[PDB]
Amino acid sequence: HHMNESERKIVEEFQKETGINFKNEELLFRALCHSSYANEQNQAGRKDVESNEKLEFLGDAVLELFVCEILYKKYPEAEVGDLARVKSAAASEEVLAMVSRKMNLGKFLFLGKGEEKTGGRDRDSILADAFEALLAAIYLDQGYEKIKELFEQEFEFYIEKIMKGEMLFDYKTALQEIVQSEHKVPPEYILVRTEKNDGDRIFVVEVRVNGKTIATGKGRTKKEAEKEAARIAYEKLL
């Protein structure tokens, strides 16, 4: 398949924006191609444009192994019934769409005009599916180690939340909504210090409202600590 100008631009923007470069850019294009766009282009005579359905099929297996490996290695004392519970929760459409949105994945999808007109770019199923297809593309292009490099830290965090029975969602967005509603101002995040416990560098962030510290969260990155802080503040405020 020969990428036309607008397709090449999108493919270039995706790599620049997400930082995920590809050796074979055709794998990336394919992962982002919803069937509605492949059908549209094929009907326009571009028979080599293909959907992400096959990559999604492989991607789901890549994801399952990636999540189960984290569970097996990180929770040796967990009952097998617990590994299975968490596995299902971690690989769910809900988590994947959340991950996709955080990556602004919707911006880079190729959709047929009708799908575009009817909200497909915001559809949880389409986003989750494209994310799985992306994992297969990265797996095929650069290997399983790259998948861990890009996503293990992020998923270890989601799996920890789920294993601990803590509800998982976009913490920062939820906290902002509740703080603006009750105080008419947004929450402020302050990195107050860093630590080096367990071997990893740890960021300590306090979330405050009107200068008052509501909660303190810790994480392996500034972003993660902010997320943790928002989770704690949200649960506390409620």
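So that there is no doubt, residue numbering starts at 1 and follows the sequence shown.
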For this session: Mind pulling up the entry and telling me whether 128-136 or 95-103 has the higher mean Cα temperature factor?
Result: 95-103
Exercise. So which stretch wins on mean C-alpha B-factor, 192-200 or 26-34?
Worked result: 192-200
For this session: Return the residue from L63, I178, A44, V49 that has the highest Cα B-factor in the entry.
Result: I178
For this session: Specify which of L111, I159, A78, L150 carries the largest Cα B factor in the deposited PDB entry.
Result: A78
Problem set entry | Relative C-alpha B-factor of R85, binned into the chain's lowest, middle or highest third | highest
Exercise. How does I232 rank on Cα B-factor within its chain, lowest, middle or highest third?
Worked result: lowest
Exercise. Is the Cα B-factor recorded for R121 in the lowest, middle or highest third of its chain?
Worked result: lowest
Problem set entry | Entry-reported Cα temperature factor of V67, expressed as the chain third it lands in | lowest
Problem set entry | Cα B factor band for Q15 (lowest, middle or highest third within the chain) | lowest
